[PDB]
Amino acid sequence: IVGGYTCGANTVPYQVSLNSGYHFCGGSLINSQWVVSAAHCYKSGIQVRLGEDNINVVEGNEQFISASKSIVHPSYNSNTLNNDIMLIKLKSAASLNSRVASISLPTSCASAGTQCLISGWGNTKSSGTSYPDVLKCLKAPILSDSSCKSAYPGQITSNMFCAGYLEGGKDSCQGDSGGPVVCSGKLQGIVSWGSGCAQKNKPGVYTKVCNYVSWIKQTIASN
Ligand SMILES: N=C(N)c1ccc(/C=N/OCC(=O)O)cc1
Ligand SMILES: [Ca+2]
């Protein structure tokens with residue numbers, strides 16, 4: 001997260017870290033057994049880490065649970081990043097408490113102009129590289145679809161939305177991939193892609209979770 005702020009320990013209790021020997025992506029806990037992340041975060045041997053603040057120090061509130069299965073969206077296209085969503089099932093149910101909690105799926109799509117909370121342990125520089133210890137947060141508005149399409153001509157599908165600041169300076173970044181965009185207490189987006197980070201006229205592009213609720217519900221009812 002570039003140009004954001006330190007969230008505060010366990011104030012984003014649905015935020016997870018995906019670990020494969022190292023942190024590589026974020027995710028969102030949607031119930032005791034399932035995490036929503038980006039399909040571009042897919043790999044084998046994922047361990048889900050819940051209740052994290054400092055990802056490099058065991059502070060006492062963590063739950064580390066291996067993934068039992070990963071389910072990439074059936075229409076995910078890794079070239080265009082259309083349908084950039086994946087479900088990850090935990091080998092055992094997480095213990096839900098104040099520091100580990102699920103985030104609601106949306107019943108309707110979010111509105112242009114709505115300020116959302118984006119979070120992660122990704123790069124904090126728009127140029128150069130610095131990775132934070134503790135979880136970072138960013139408040140950013142959903143942009144109009146016309147401004148989104150103008151920023152990325154020929155690249156924005158109906159399964160994507162833009163959020164952030166056209167002036168640049170504030171954005172999600174590498175390492176935040178798969179993490180939450182929460183608007184009005186609902187998981188509305190997943191950190192997907194963008195040209196660089198915090199670049200002028202290049203806002204963040206996010207998977208439009210409201211389009212996937214049926215698929216999510218069907219998949220979790222059957223796996
Ligand atoms: N909001 C952005 N500008 C943005 C969002 C997501 C990415 C994803 N990078 O994937 C590689 C990785 O995470 O290691 C890049 C830029
Ligand atoms: Ca920790």
Side-chain angles (χ1 to χ4, degrees), residues 1-4 6-13 15-28 37-43 46-65 76 78-81 84-86 99-100 116-143 147-148 151-152 155-156 160-181 188-208:
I1 300 286
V2 175
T6 292
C7 303
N10 314 118
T11 60
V12 191
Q15 172 82 54
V16 311
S17 169
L18 308 185
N19 184 288
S20 64
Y22 45 87
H23 166 86
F24 73 85
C25 271
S28 302
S37 186
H40 83 261
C41 291
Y42 169 79
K43 60 169 74 181
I46 293 174
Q47 189 189 58
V48 176
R49 302 183 161 207
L50 306 93
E52 290 280 22
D53 189 46
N54 188 322
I55 50 163
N56 275 131
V57 181
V58 171
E59 296 179 286
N61 296 308
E62 302 91 345
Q63 292 176 53
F64 297 173
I65 304 170
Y76 170 58
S78 56
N79 297 146
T80 61
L81 295 181
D84 191 11
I85 187 172
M86 165 185 68
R99 294 172 183 101
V100 176
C116 306
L117 180 70
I118 309 176
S119 50
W121 288 278
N123 194 0
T124 64
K125 306 297 199 67
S126 57
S127 283
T129 70
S130 183
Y131 285 83
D133 46 2
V134 295
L135 184 69
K136 297 298 192 158
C137 275
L138 173 70
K139 290 189 175 181
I142 295 173
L143 304 175
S147 70
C148 190
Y152 297 103
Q155 290 185 100
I156 305 298
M160 301 173 191
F161 69 89
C162 288
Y165 300 89
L166 296 171
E167 63 269 33
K170 292 191 277 277
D171 197 4
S172 58
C173 200
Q174 285 75 40
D176 294 322
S177 286
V181 181
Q188 295 284 8
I190 299 155
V191 181
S192 187
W193 64 278
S195 169
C197 315
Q199 300 302 298
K200 188 192 184 170
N201 289 135
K202 295 296 176 176
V205 189
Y206 297 95
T207 309
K208 190 168 174 158

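Basis for what follows: all heavy atoms, side chains included, without hydrogens, waters or symmetry-related copies. Whatever order the structure lists ligands and atoms in, that order sets their numbers, starting from 1. Along the sequence shown, the residues carry numbers beginning at 1.
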Any side-chain donor-acceptor pair under 3.5 Å between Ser119 and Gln15?
yes
Under 3.5 Å: N/O of [X] near N/O of ligand 1:
X	result
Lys202	no
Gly175	yes
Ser172	yes

Would you confirm whether [X], through its side chain, and [Y], through its main-chain N or O, come within 3.5 Å as a donor-acceptor pair?
X	Y	value
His23	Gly175	yes
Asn56	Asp133	no
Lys202	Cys197	no
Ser37	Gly26	yes
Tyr152	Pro203	yes
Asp84	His40	yes
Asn10	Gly51	yes
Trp193	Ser177	no

Any heavy atom of [X] sitting closer than 4.0 Å to ligand 1?
X	answer
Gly196	yes
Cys25	no
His40	yes

Show which atoms of ligand 1 fall inside a sub-4.0 Å distance from at least one heavy-atom site of [X].
X	value
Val191	5 (C), 6 (C)
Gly204	1 (N)
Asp171	1 (N), 2 (C), 3 (N)

Looking only at non-hydrogen atoms, the one of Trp193, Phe24, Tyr206 nearest atom 6 (C) of ligand 1 is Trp193
Counting non-hydrogen protein atoms only, what is the nearest one to atom 15 (C) of ligand 1? Give residue, atom name and distance.
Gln174 NE2, 3.1 Å
Identify the protein heavy atom lying closest to atom 10 (O) of ligand 1, giving its residue, its atom name and the separation to 0.1 Å.
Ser177 OG, 3.0 Å
Ligand 1 versus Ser195, non-hydrogen atoms closer than 4.0 Å: side chain, backbone, both, neither?
neither
Quick one: does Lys136's side chain get under 4.5 Å of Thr6's, heavy atoms only?
yes
Quick one: are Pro141 and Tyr165 in side-chain contact, heavy atoms under 4.5 Å?
yes
Checking one value in my table: which N/O/S atom of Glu52 lies closest to the Ca ion (ligand 2)?
OE1
The Ca ion (ligand 2) - name of the N/O/S atom of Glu62 that sits closest to it:
OE2
Metal check, the Ca ion (ligand 2) vs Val58 N/O/S, cut-off below 3.0 Å
no
Short check: any N/O/S atom of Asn56 below 3.0 Å from the Ca ion (ligand 2)?
no
